[PDB]
Amino acid sequence: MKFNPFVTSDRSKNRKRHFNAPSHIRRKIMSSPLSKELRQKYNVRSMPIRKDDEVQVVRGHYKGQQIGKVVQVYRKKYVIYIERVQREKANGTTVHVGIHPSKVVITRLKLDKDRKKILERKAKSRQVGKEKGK
Amino acid sequence: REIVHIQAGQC
Amino acid sequence: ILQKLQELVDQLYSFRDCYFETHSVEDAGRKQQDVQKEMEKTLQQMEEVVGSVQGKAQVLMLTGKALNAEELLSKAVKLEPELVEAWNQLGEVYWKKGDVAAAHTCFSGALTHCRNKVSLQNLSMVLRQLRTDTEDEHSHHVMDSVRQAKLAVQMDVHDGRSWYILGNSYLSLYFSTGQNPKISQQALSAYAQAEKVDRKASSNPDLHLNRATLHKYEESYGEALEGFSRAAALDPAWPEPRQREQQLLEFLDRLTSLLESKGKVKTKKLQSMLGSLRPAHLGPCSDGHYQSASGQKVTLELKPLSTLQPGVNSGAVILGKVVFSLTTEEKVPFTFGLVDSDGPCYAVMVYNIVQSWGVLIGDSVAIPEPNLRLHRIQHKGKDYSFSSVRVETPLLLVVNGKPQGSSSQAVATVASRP
């Protein structure tokens with residue numbers, strides 16, 4: 001139960017700040033879980049998704065054992081485009097079917113100078129909580 | 001000493 | 001004095017060859033550091049022996065061969081331009097430095113002075129690592145490399161190194177000239193000739209790595225894994241044969257798990273995809289007007305996957321549903337599993353693809369003229385046993401009753417780099 005008097009539980013307010021969020025807030029909103037192989041290696045449960053990440057769908061029509069590179073992270077409709085998830089139109093032109101980042105799990109991260117620092121920050125703040133519990 | 005890789009084509 | 005310089009440079013080359021014997025991976029993290037300390041000590045006492053006999057370009061090519069720097073032997077071979085072995089060592093110096101054009105310049109100068117085995121071998125190398133702007137220039141450089149390696153063999157039919165540059169050269173012809181299997185046969189024949197004639201060709205980790213990469217491309221996984229294991233035994237500190245071995249092993253583990261489990265597809269969805277299979281998904285293979293590779297119009301029969309024979313099943317066409325797809329990091333073979341009934345799953349290997357091409361789970365895939373292969377792989381206590389249908393290009397695929405355009409096909413390119 002939330003006890004902070006400066007955080008709101010209003011449904012309309014939460015829906016407003018979610019749907020009118022700025023782009024750097026939408027980056028944190030559009031996060032994806034890591035696979036259980038990367039979870040035990042990085043001690044990180046979830047990461048914000050990037051353009052060059054290999055990722056695997058777990059829900060919907062396109063769920064399976066197939067792994068695709070993200071084509072793009074189109075944060076305006078809160079959705080990503082992945083490499084082989086696509087749909088033929090009437091004329092025959094293929095368009096990318098959008099998948100939400102919460103219904104897709106990362107199998108391979110794109111390691112930058114900043115995303116190593118993000119994993120290390122998450123790992124240190126998880127081990128501080130483990131030490132606080134223990 | 002030289003190393004050989006074989007990647008897929010781009011076009 | 002000059003004989004003392006000969007002894008000093010062959011002792012330094014013996015140190016560079018014996019570093020992995022005397023120090024190994026416990027100290028091969030400090031490989032470049034200890035080697036440059038040894039070359040600095042050799043350079044110092046080298047210089048005090050040079051100081052009596054500074055005038056001789058043989059003395060200075062020995063100094064540059066010990067440094068195999070650039071300015072020293074450049075002044076040396078400006079003093080004596082005829083000096084072919086100095087040109088060879090200088091091209092190897094810029095090859096280590098990354099100056100491929102200057103290496104080619106020095107080896108071309110060496111062959112204009114005097115034809116010999118070292119310059120033929122090293123030019124046949126460096127013409128492949130030369131950066132090109134056009135594909136015809138690349139193919140001309142590859143064919144020139146084949147020519148220089150052939151003349152290297154014709155100077156020495158006992159040189160397992162020269163057969164190794166032939167193996168690389170016919171591998172590059174195989175990956176540049178339309179993929180004729182005779183050329184890959186000749187490449188592996190050159191590797192076998194090297195291993196037959198030269199005992200020091202057995203101790204080269206690069207021959208095993210290149211032969212194992214060719215075997216990986218032609219799906220000889222057991223001999224491939226033997227090749228990467230032997231290369232990893234020959235140079236344990238250089239972790240790329242280990243990396244290739246572990247990625248091929250994890251590919252085989254994931255692939256055999258997915259063929260055994262049919263890609264974690266629930267059986268109701270599997271029966272739905274099997275019941276959604278229609279003869280209209282054959283596309284142009286259903287009207288009897290299929291044109292084969294020989295140009296004949298052959299009526300195809302729809303044959304089930306379980307009754308097929310190894311090799312090319314002539315006149316047969318197969319139709320299945322994708323239950324899983326998989327690709328590697330190296331992403332030349334696109335693999336996907338097909339089922340046509342409630343029997344076993346069959347892997348399909350698709351080569352010569354564009355990076356964005358693939359199939360989805362649930363797509364009806366029809367393959368005319370299937371080319372079976374039974375894979376029985378044993379390596380370090382790990383066993384694999386499956387069947388794979390190899391297709392060379394995606395133009396022979398009929399997916400959802402529709403053939404693909406030429407935009408789905410791109411020939412896999414070869415890369416030779418320092």
# chains A, B, ... in the order shown; residues from 1 in each chain; ligands from 1
$ interface_residues --of "chain C" --to "chain B" --cutoff "10 Å" --atoms "only C-alpha atoms" --output "ChimeraX atom specification"
/C:92,95-96,125-126,129,168,171-172,175,204-207,209-210,213-214,217,240,329-333,351-356,407-418
$ select_by_dssp --residues "range 172-402 of chain C" --states "alpha helix (DSSP H)" --output "ChimeraX atom specification"
/C:172-176,181-197,205-217,221-234,240-261,267-275
$ residues_around --residues "range 370-386 of chain C" --least-positions-apart "4" --cutoff "6 Å" --atoms "only C-alpha atoms" --output "PDB file with C-alpha atoms, in the first residue's frame"
ATOM      1  CA  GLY C 222      32.322 -33.375 -36.495  1.00  0.00           C
ATOM      2  CA  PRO C 310      19.642 -39.281 -48.322  1.00  0.00           C
ATOM      3  CA  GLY C 311      20.921 -37.170 -51.188  1.00  0.00           C
ATOM      4  CA  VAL C 312      18.871 -35.290 -53.737  1.00  0.00           C
ATOM      5  CA  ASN C 313      15.366 -36.788 -53.959  1.00  0.00           C
ATOM      6  CA  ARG C 390      20.209 -28.264 -47.168  1.00  0.00           C
TER       7      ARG C 390
END
$ closest_atom_pairs --of "chain A" --to "chain C" --cutoff "7 Å" --atoms "only C-alpha atoms" --output "tab-separated table"
residue	atom	partner	partner_atom	distance
A:64	CA	C:324	CA	6.8
A:65	CA	C:324	CA	5.5
A:66	CA	C:325	CA	5.2
A:83	CA	C:356	CA	6.7
A:84	CA	C:358	CA	6.5
$ atom_distance --atom1 "CA of residue 2 in chain C" --atom2 "CA of residue 34 in chain C"
26.1 Å
$ select_by_dssp --residues "chain B" --states "strand (DSSP E or B)" --output "ChimeraX atom specification"
/B:3-7
$ residues_around --residues "residue 59 in chain A" --least-positions-apart "2" --cutoff "12 Å" --atoms "only C-alpha atoms" --output "PyMOL selection string"
chain A and resi 56-57+61-65+99-105
$ residues_around --residues "residue 71 in chain A" --least-positions-apart "4" --cutoff "9 Å" --atoms "only C-alpha atoms" --output "list in words"
residues 51, 52, 53, 80, 81, 82, 83, 84 and 96 of chain A
$ write_last_selection --atoms "N, CA, C and O atoms" --output "mmCIF file, in the first residue's frame"
data_model
loop_
_atom_site.group_PDB
_atom_site.id
_atom_site.type_symbol
_atom_site.label_atom_id
_atom_site.label_comp_id
_atom_site.auth_asym_id
_atom_site.auth_seq_id
_atom_site.Cartn_x
_atom_site.Cartn_y
_atom_site.Cartn_z
ATOM 1 N N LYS A 51 17.820 -0.110 -29.924
ATOM 2 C CA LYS A 51 17.573 -0.419 -31.327
ATOM 3 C C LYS A 51 18.261 -1.711 -31.756
ATOM 4 O O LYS A 51 17.703 -2.484 -32.534
ATOM 5 N N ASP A 52 19.470 -1.970 -31.271
ATOM 6 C CA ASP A 52 20.244 -3.099 -31.768
ATOM 7 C C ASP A 52 20.192 -4.314 -30.847
ATOM 8 O O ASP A 52 21.197 -5.019 -30.710
ATOM 9 N N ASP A 53 19.049 -4.580 -30.224
ATOM 10 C CA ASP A 53 18.921 -5.695 -29.299
ATOM 11 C C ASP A 53 18.203 -6.871 -29.952
ATOM 12 O O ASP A 53 17.204 -6.704 -30.659
ATOM 13 N N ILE A 80 7.633 -1.342 -30.304
ATOM 14 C CA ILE A 80 8.859 -1.604 -31.045
ATOM 15 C C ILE A 80 8.529 -2.400 -32.300
ATOM 16 O O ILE A 80 7.499 -3.069 -32.395
ATOM 17 N N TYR A 81 9.417 -2.285 -33.284
ATOM 18 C CA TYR A 81 9.371 -3.069 -34.508
ATOM 19 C C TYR A 81 10.580 -3.991 -34.515
ATOM 20 O O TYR A 81 11.718 -3.523 -34.376
ATOM 21 N N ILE A 82 10.323 -5.286 -34.686
ATOM 22 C CA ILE A 82 11.342 -6.324 -34.636
ATOM 23 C C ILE A 82 11.459 -6.885 -36.064
ATOM 24 O O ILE A 82 10.612 -6.628 -36.919
ATOM 25 N N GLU A 83 12.518 -7.668 -36.308
ATOM 26 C CA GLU A 83 13.060 -7.876 -37.652
ATOM 27 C C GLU A 83 12.126 -8.684 -38.554
ATOM 28 O O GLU A 83 11.909 -8.327 -39.718
ATOM 29 N N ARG A 84 11.560 -9.777 -38.043
ATOM 30 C CA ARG A 84 10.825 -10.707 -38.897
ATOM 31 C C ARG A 84 9.334 -10.721 -38.587
ATOM 32 O O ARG A 84 8.551 -11.339 -39.311
ATOM 33 N N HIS A 96 5.940 -3.748 -40.654
ATOM 34 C CA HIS A 96 6.315 -4.341 -39.379
ATOM 35 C C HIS A 96 5.129 -4.324 -38.421
ATOM 36 O O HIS A 96 4.484 -3.287 -38.243
#
$ atom_distance --atom1 "CA of residue 21 in chain A" --atom2 "CA of residue 87 in chain A"
29.1 Å
$ residues_around --residues "range 122-130 of chain A" --least-positions-apart "5" --cutoff "7 Å" --atoms "only C-alpha atoms" --output "PDB file with N, CA and C atoms, in the first residue's frame"
ATOM      1  N   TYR A  42      24.202 -10.851 -15.202  1.00  0.00           N
ATOM      2  CA  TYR A  42      24.280  -9.429 -14.906  1.00  0.00           C
ATOM      3  C   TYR A  42      23.671  -9.039 -13.567  1.00  0.00           C
ATOM      4  N   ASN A  43      22.912  -9.942 -12.928  1.00  0.00           N
ATOM      5  CA  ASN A  43      22.096  -9.669 -11.736  1.00  0.00           C
ATOM      6  C   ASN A  43      21.148  -8.490 -11.975  1.00  0.00           C
ATOM      7  N   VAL A  44      20.595  -8.457 -13.185  1.00  0.00           N
ATOM      8  CA  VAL A  44      19.703  -7.391 -13.632  1.00  0.00           C
ATOM      9  C   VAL A  44      18.446  -8.039 -14.189  1.00  0.00           C
TER      10      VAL A  44
END
$ closest_residue --among "A:113, A:13, A:50, A:69" --to "residue 28 in chain A" --atoms "only C-alpha atoms"
A:50
